[PDB]
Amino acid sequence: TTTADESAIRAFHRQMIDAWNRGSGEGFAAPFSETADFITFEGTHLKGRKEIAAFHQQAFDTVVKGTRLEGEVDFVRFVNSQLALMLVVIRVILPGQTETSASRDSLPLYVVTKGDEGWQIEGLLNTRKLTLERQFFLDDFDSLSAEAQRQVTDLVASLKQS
């Protein structure tokens, strides 16, 4: 394993952050292999570079238009000379905002392989990172009756008016 190997894997996170930020689905998908599994936070499964690009272009044009990503490496480890794991911290600023929304905090795991064509992402699980405090809040919420939950969601709706 080289310094070159490690630099290539790390660069994937920057390639993606920057492509998201300029709204490029193809840029975002570029590090991925043609067979890669991409799993989104709500359990959507995208299969391969092309699907990953198509899904993200559409998203950048609609449901995350105007959002901004920021992020950095949490760890990179080589399992062997042809396989690495990389965990990355990602945060999201929603449009019109200046700060990141905790609701979007993510800690994706990248599974990177060095094949015939060199390093590519073969798997990525992108999930939400919850704080313990947010976890207990959700536990509490789910423990409430549907009627009590509705009081809570109604209060949230009335406050966002408002």
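Throughout, we count residues from 1 along the sequence that is shown.
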query: Mean C-alpha temperature factor, higher of 88 to 96 and 69 to 77; finding: 88 to 96
query: 123 to 131 versus 24 to 32 - greater average Cα B-factor per the deposited record; finding: 123 to 131
query: Top Cα B factor in the deposited entry, candidates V64, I52, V112, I39; finding: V64
query: Modelled-residue ranking by C-alpha temperature factor, third containing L46; finding: lowest
query: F137 - Cα temperature factor, lowest/middle/highest third of chain; finding: middle
